[PDB]
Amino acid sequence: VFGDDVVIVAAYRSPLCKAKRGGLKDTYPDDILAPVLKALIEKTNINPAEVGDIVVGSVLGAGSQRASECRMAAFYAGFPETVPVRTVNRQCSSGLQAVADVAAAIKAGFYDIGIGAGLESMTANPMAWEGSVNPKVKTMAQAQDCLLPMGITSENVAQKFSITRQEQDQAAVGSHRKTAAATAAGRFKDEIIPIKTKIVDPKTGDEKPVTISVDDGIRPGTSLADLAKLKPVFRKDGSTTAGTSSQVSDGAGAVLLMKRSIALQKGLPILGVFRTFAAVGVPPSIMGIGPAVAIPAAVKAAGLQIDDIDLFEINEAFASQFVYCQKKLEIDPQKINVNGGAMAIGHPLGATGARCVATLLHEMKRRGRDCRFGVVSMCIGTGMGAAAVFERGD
């Protein structure tokens, strides 16, 4: 416990909801994030003015608008005008990148307290390419591969590493199962911050107040034969379907970080300890192998071995990719996404990396002293991987 260590004193998330049709479909992006930010301050009772930066991972839609929405969200959360905000984009990993950026800024002495967060409204912001494609793109295989549908990327991993259709459907079953179980056991209660918003009837245009407090994408009764009947989205002879892919979702996560010495001075319980972060490049055509490369790097940097990790949050972008990384790193599947994953809960692009920190840390805490090390990791569109090692708090 060195005073300069970067510790987490709070980590929360919104419920994650189905894009377009889910509970947050009529909720402004700033209204998803603001309550989550505010909860960090409510939990620790720090003066919000003490926060050095609020860094928000976010992926879709126009950059300038989303950065403005983040500034407004902080104002709604009660932060004073003196506290600045920014966004970061490393695609699927943006929310975790934000946490890592705050950890780096603290270690570099830029400031002593910061917030790393993630936000996505896949309801509000489509994922389409704007304008024409540079003709030069096709002249470089790796550049062209960046334009591949993520789904095709899934199929590629499936074939190259022999991931059976059944293995894939299995993991989706295991996800829906574990997510429903966790929800019933109240394992998401501590990490979730309810969103007080509105639901609008499209036929009339009428608004009515609603409080979203639970993830709405889970399908408890999903059967291996329900999934068997699904047709491949990206190929005729493929093995990737809507049921073996993450769901499109809306949501937000946020993490409060500070020097250990500060948490001590303020007498704040430590939820977790940031240890290491890695972001590496891999081939765009099989971007799914991201964690297989990033996890070893972060673990190695943490002076650890893979077996030393007790809990993993490995994003479920595709079952194909999810299973491969498990097999490849030879990790006990009982240690991965113990409370379910994006196939069941959803993948609001920018929020995922931040919300997974909250999911990881709170679960590590519930498992007590013997759950000492955890990892958040994900594959990343255009061919990258990220991983962060976290240690138990107290």
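Note that residue numbering begins at 1 and tracks the sequence as displayed.
Out of 192-200 and 106-114, which one has CA B-factors that are higher on average in the deposited record?
If you average the C-alpha B-factors of 192-200 and of 106-114, the larger mean comes out for 192-200.
State which stretch shows the higher mean Cα B factor in the entry: 86-94 or 209-217.
Of 209-217 and 86-94, the stretch with the higher C-alpha B-factor average is 209-217.
Going by the CA temperature factor in the entry, name the top one among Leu33, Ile336, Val55, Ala354.
In the PDB entry, the greatest C-alpha B-factor among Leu33, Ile336, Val55, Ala354 is found at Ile336.
Just grab whichever of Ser245, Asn315, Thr153, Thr123 has the top CA B-factor as deposited.
Each of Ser245, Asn315, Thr153, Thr123 was compared by C-alpha B-factor; the highest is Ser245.
Quick one: classify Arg71 as lowest, middle or highest third of the chain based on its Cα B-factor.
It falls in the bottom third of the chain.
C-alpha B factor of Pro269, ranked within the chain: lowest, middle or highest third?
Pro269: CA B-factor falls in the middle third of its chain.
Check where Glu42 lands among this chain's C-alpha B-factors and tell me if it's the lowest, middle or highest third.
Middle third, going by the recorded CA B-factors of the chain.
When the modelled residues of the chain are sorted by Cα temperature factor, does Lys20 land in the lowest, middle or highest third?
Highest third, going by the recorded CA B-factors of the chain.
Which third, lowest, middle or highest, does the C-alpha temperature factor of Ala228 belong to within its own chain?
Top third by C-alpha B-factor.
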